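Residue numbers (my numbering), protein chains in the order written: chain A, 10 to 304; chain B, 10 to 58; chain C, 239 to 618; chain D, -16 to 362; chain E, 7 to 65; chain F, 101 to 179.
Note sheet for the following structure.
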Amino acid sequence: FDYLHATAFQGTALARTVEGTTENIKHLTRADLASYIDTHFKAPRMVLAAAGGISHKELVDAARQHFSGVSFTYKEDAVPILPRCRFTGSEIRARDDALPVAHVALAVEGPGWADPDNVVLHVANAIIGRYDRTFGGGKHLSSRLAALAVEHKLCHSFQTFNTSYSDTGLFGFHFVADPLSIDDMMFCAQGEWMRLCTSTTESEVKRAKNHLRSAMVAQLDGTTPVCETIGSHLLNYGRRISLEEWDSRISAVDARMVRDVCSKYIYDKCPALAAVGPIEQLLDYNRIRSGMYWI
Amino acid sequence: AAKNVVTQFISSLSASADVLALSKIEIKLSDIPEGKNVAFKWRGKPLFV
Amino acid sequence: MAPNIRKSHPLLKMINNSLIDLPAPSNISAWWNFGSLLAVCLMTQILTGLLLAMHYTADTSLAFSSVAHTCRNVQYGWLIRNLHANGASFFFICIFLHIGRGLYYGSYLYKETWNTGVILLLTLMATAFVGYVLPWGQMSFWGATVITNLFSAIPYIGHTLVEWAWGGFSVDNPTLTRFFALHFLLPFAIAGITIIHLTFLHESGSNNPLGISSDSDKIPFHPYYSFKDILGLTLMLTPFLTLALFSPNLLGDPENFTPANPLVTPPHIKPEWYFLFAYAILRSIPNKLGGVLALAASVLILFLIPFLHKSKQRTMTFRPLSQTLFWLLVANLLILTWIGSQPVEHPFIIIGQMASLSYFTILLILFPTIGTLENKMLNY
Amino acid sequence: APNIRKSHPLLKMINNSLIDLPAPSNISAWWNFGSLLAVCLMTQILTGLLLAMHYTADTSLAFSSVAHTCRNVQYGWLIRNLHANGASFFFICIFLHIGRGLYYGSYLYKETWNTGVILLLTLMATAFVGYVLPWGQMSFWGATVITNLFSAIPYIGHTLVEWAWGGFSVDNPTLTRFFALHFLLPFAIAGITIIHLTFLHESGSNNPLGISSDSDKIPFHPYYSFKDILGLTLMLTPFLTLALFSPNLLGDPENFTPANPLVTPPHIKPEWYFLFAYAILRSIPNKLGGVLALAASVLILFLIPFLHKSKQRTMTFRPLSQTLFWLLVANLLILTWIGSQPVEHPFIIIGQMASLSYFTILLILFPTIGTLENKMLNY
Amino acid sequence: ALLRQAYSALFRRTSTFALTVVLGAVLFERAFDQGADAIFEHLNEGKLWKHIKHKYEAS
Amino acid sequence: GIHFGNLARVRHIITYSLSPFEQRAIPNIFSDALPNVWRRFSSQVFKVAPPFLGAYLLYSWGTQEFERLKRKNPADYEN
Ligand code: HEM
Ligand code: HEM
Ligand code: HEM
Ligand code: HEM
Ligand SMILES: COC(=O)CNC(=O)CCC/C=C\NC(=O)c1ccc(Cc2ccc(I)cc2)cc1
Ligand SMILES: COC(=O)CNC(=O)CCC/C=C\NC(=O)c1ccc(Cc2ccc(I)cc2)cc1
Ligand SMILES: CCCCCCCCO[C@@H]1O[C@H](CO)[C@@H](O)[C@H](O)[C@H]1O
């Protein structure tokens, strides 16, 4: 997933590891650390969130007392807007036939937090869902890819993802397989992707919806996660999105919707590819590009 | 290019150029008494009189 | 690496991977022999064929004479023609059982192996047709004139398609020479498709008389079937030589000893035996198109046989009903042939007509219907 | 299951030998001739049938039928042109396809090579018979000299020839059976081509550097399928340019005169692709010698694989060998020219030399330079 | 933008891509032929039967 | 018939490449292309040309010497 970023957004800032370089962590200074805190940890960019048996007033009151230090100039009340990150169709292959399995990750440029399309996309990503060895589901699972994956011992695991960001995002899937099935697998996948863009049915989505629905509900299972939803909501969406809303936004999605969106973001798009391991059987950007259309 | 090369080759099969022209034939209605038929090697295929 | 040089040689491995170690039902009968014979048949026609083609001269004004010069002046030429001339028949005979064998034991459930088969038949049929015209005899001609004319039944591209065929506005030299080209080529195509035919068969193994799994007991083609076949070959070779050596002209029409005359179509006109049933059907329907169509389907129907299988069992061995119906069909065919041998007159016309109806009906309705009924009588 | 491109007993093949086929990521353009040769074959066969559909193998009508075909058949003329020259374009391609192999030592893939040789031998033979069909003056006199070659073998000599002609001298029986031959042989080429390629697929393609390539291979498609469609059009241009703008450049005109078994022409030359042979046969002044020298002049190819002494596979890294290789090429160019010239001084001596030098570069200078080279690398 | 409009309504849907090469080639032929014929009949003025034609075509 | 995966054992090699649509048809025709087309020509013309030139000569001589031997030498007719 890091390499995926590292070449998907290559050259930009998004294309960096969060843990940072080996050289940097060896030379950062009290000074440098300071600045980061100073330059970044500022109130208009921070959010105090909480959930539980607390009174709203009682909470804010505390804030007023420790998070004081009011500002003077308009400068301080400004949220530094970020430089856009360029998506670049490409691949990065790290080979080591000494590894037990190989991991591959494919992706297209995402829409960016705000976009109402992310809903449709997640509805889609639910259709293909995810699979993994232990799934008791077995050959009867509803995910076509899951099913095939099982039928032909395609992979130890795979998953769909819709990573979103302020202005952009990654959209794709990652699977782990034996050196001798990366191919078949890759192939079945890219196909399921196409299927999305071309013949998703009302049933395929009906299920997907109900799934997403309860997935989002389990995002609010306890105080910590409920909180995290608020922390992240305010900071990204700029407010709080109620399940009552999220739900309505899902009840809206139907086949036609998905087909257009996925075509909109997937169909004939140069992809970002990152492979790791004993990955010889999978071998061509072109060929992969070629798999981005018709089916 | 392809469409033309196929056309080219394909008409190579149809009729040649040495495929002659029209007819015109000689016949005496007295060489056919009352009640008979006769074959004449006409334009390729037979001709009954 | 590999021990013996019979399993690792990218060539030798093949003759050994498809003709020696090849696993075969321990129990395939004699009706499985025709397969090889058909191959030996092909490979043999081609030899006599070249040898012949080395003396023929495709050109109306010398076609006929060249064949006679070939018979009369070429060392053993005469014999060489005979073998070719009749091999064709022996060929069609063999192919015919090879199809029946298939029908009875439902080998047709091996769809691809079968469909290729049909294409093969179609080619052979077409092949003999062109070969037959080369000698430029009276039939050759009038045959060449009637058969190609069959495409003139299609509307629009009809009359026009024919033109390519003849290479003119009526049968003439251009036709003859291009037919020689055709005839020279097709066989090879047959040999090619035969490779696909056999190659598809090898994914599934040979069917067998009992119509049930045979993995429980298989045997190497060699020497079990290589030997069974060498014998089969000699058992069929005897009659075919016996004819081509003691009665060369039995199966052949004599009218074709008279140089083609585009002006006179003979009074007693009937195609070589292997085309009679067709002939009969084409003659059964009194309509240009109907006849053609009936004809077209009289053979094209083979493609359907696989989808007209309703019995829960694979072979007829255990279905007396179907069996009787099967032999009824065979005999039905025999008649149709005979009918083709006869002129268009009563009773023949009506007899022909019936036999056709009955042919098509046994295949399209009586087999599937008896087939089902049968199952219910076993309580399935 | 999964995809219908790897489990279909037919479709799997076009995909197992033309799409997923692993190819060195670096084969050059000298690897293209492979396909071209193929496209060349299939193409000759098409024009070939089309033609055969109007020819008439019989001394008294052979010549005239070819003309009628040109003059009266729709686009006939063109159809001949393409066939007549395709043969050359064919021989050209095959020639590089052989040099490519020599230089980069593909000849270490013995079976894939030997078949190649057989293939050449057949093509050679094939063109021979084809050329006689138009029954022209050369056609004849060519048919008369070439077959006569076998009369060099003692005992079964004079006698073998008889079958060939089917007579006691070239006449109809010869012509007609040649037409049969010509019609048949191509297909045999197409057949052996299948073995040729099939042998190659056990080992993968060789490559310009002469070292393992597993470390990086690419799908024939679309890397080489595209590289080839282009290669085809780059070679197709000149060949069309000749067959459309200068049809008779490569062709002798003497063959526009109906064969006359009574007058052998004064200025007799075989078509270009047989000159080097011609030159060698003419270099040795002895029936048998000339034949033998000839026989070996080509049969020597079978030896190239056992005359490899260098520790490396390709010449890319052996300048000495390289110079010797180009010396051989040029050496050949000369031999050809020499064949284009009459038997007279200086030509006779020049011919004689070039031959000696040809055989010598192959039998002694290559194995010798090859060894020396190793010792200069310290092996 | 032509290329964009191009890529959107033509080169995208594999179905319409084809439909273009067809209706496309069509025009190309029709046009090309004319040109070459013209470039040719022009380079050979007064030498083609099509040019001499009227000196005997009694009309 | 499968060769992709069973080829060879490779370790620690990273490769990066870009979609065709992201990069140029043919780039640096002058700052990189030609200047290399030359190098090649340079390095090889000295192994190739020599023998070819060597032939050319021999061709002309042989030819010139032949056309020369066709002319007539007066010293045979001044008697
Ligand atoms: C030139 C054409 C043909 C040749 C030379 C040929 C040859 C063969 C051979 C060698 C066999 C294997 C041995 C055997 O079972 O007999 C075979 C099998 C078979 N052929 Fe043909 N065949 C030809 C035509 C056909 C035709 C016309 C049909 C029918 C449409 C057909 C249907 C089959 C089938 C179904 C099998 C399966 C055998 C089994 O039941 O085990 N073949 N063929
Ligand atoms: C495909 C298997 C073959 C079949 C089914 C077949 C059938 C025939 C037939 C029906 C005839 C007419 C025979 C007669 O005059 O009574 C014939 C003639 C001829 N065939 Fe074939 N033939 C076959 C293959 C070939 C091949 C491969 C060649 C050589 C390319 C060949 C060359 C000829 C020649 C020269 C004649 C004309 C001389 C003659 O009629 O005897 N045939 N063939
Ligand atoms: C009709 C005859 C021939 C055809 C159509 C043909 C075709 C091919 C093809 C398609 C290839 C693969 C691609 C390539 O490397 O070019 C190939 C490879 C090869 N052929 Fe041929 N070939 C023919 C004749 C020959 C001849 C006469 C020789 C030399 C005696 C020969 C020697 C080889 C070898 C050594 C290879 C290996 C290529 C490599 O080094 O990777 N071929 N041939
Ligand atoms: C194997 C590839 C082929 C080669 C190398 C080849 C070469 C030639 C040559 C050298 C000629 C004499 C051309 C001339 O008159 O200048 C010729 C003639 C002829 N070839 Fe082929 N040919 C090939 C295949 C075939 C095939 C497959 C057929 C069809 C069975 C065929 C049919 C003819 C015909 C009809 C002629 C005589 C008419 C003519 O000379 O134009 N050829 N061929
Ligand atoms: C062996 O060749 C022959 O028997 C050909 N000779 C004749 O048919 C001689 C008499 C000509 C007159 C009428 N023939 C027919 O009506 C006739 C009708 C159908 C067929 C079968 C057949 C169809 C297409 C095809 I393609 C092939 C066969 C064959 C012949
Ligand atoms: C294309 O056909 C031709 O060029 C044939 N025509 C001629 O050679 C015309 C002139 C005839 C006179 C002399 N020819 C030769 O001495 C001659 C000698 C050897 C060869 C090569 C060759 C050998 C066997 C074989 I088998 C084939 C080739 C070819 C020609
Ligand atoms: C890559 C090679 C492409 C070759 C394409 C050439 C197409 C041949 O073009 C032909 O030109 C003739 C003369 O004007 C016309 O009469 C024909 O109708 C036309 O098909």
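A virtual CB, placed ideally from N, CA and C, is assigned to each residue, including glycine.
Does residue i have its Cβ less than 7 Å from a Cβ in chain F?
{"i": "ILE28/D", "result": "no"}
{"i": "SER99/A", "result": "yes"}
Which two residues bound the contiguous alpha helix (DSSP H) that contains residue i?
{"i": "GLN335/D", "result": "330 to 343"}
{"i": "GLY30/E", "result": "20 to 49"}
{"i": "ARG111/F", "result": "No alpha helix (DSSP H) contains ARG111/F, which is instead part of the beta strand (DSSP E) from 111 to 118."}
Name the chain D residues that come within less than 7 Å of residue i, Cβ to Cβ?
{"i": "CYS271/A", "result": "Simply none; closest approach about 22 Å."}
{"i": "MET292/C", "result": "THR159, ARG160 and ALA163"}
For chain D, is any of its Cβ atoms less than 7 Å away from the one on residue i?
{"i": "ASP40/B", "result": "no"}
{"i": "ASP86/A", "result": "no"}
{"i": "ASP11/A", "result": "no"}
{"i": "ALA10/B", "result": "no"}
{"i": "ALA30/B", "result": "no"}
{"i": "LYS147/F", "result": "yes"}
{"i": "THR351/C", "result": "no"}
{"i": "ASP106/A", "result": "no"}
Is it true that the CB of residue j sits closer than 7 Å to the CB of residue i?
{"i": "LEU559/C", "j": "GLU612/C", "result": "yes"}
{"i": "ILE392/C", "j": "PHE367/C", "result": "no"}
{"i": "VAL185/A", "j": "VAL285/A", "result": "no"}
{"i": "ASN446/C", "j": "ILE266/C", "result": "yes"}
{"i": "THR297/D", "j": "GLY193/D", "result": "yes"}
{"i": "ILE201/D", "j": "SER8/D", "result": "yes"}
{"i": "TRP402/C", "j": "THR413/C", "result": "no"}
{"i": "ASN(-1)/D", "j": "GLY101/F", "result": "yes"}
Using a Cβ-Cβ distance under 7 Å, would residue i count as near chain B?
{"i": "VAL56/D", "result": "yes"}
{"i": "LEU32/D", "result": "no"}
{"i": "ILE352/D", "result": "no"}
From this set, the options, which residue's C-alpha is nearest residue i's C-alpha?
{"i": "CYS94/A", "options": "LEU154/A, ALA87/A, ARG102/A and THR16/A", "result": "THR16/A"}
{"i": "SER223/A", "options": "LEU37/A, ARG73/A, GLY121/A and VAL132/A", "result": "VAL132/A"}
{"i": "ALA482/C", "options": "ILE253/C, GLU510/C, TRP269/C and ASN324/C", "result": "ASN324/C"}
{"i": "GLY84/D", "options": "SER122/D, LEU29/D and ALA12/D", "result": "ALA12/D"}
{"i": "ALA123/A", "options": "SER175/A, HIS165/A, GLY200/A and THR97/A", "result": "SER175/A"}
{"i": "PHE162/D", "options": "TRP320/D, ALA45/D and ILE331/D", "result": "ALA45/D"}
{"i": "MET474/C", "options": "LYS245/C, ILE331/C, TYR394/C and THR555/C", "result": "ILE331/C"}
Need the endpoints of the beta strand (DSSP E) that residue i sits in, please.
{"i": "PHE300/D", "result": "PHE300/D -> no beta strand (DSSP E), and no H or E assigned at all."}
{"i": "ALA6/D", "result": "5 to 7"}
{"i": "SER99/A", "result": "99 to 105"}
{"i": "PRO202/D", "result": "200 to 202"}
Under 7 Å between C-beta atoms, does residue i make it to chain A?
{"i": "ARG111/F", "result": "yes"}
{"i": "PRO202/D", "result": "yes"}
Quick one: list the residues of chain F neighbouring residue i, beta-carbon separation under 7 Å, in chain order.
{"i": "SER198/D", "result": "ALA108 and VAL110"}
Name, please, each residue of chain A whose Cβ falls closer than 8 Å to the Cβ of residue i.
{"i": "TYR159/F", "result": "What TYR159/F touches in chain A: nothing, since even the nearest Cβ is about 48 Å away."}
Give a yes or no on whether 7 Å exceeds the smallest Cβ distance from residue i to chain C.
{"i": "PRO(-8)/D", "result": "yes"}
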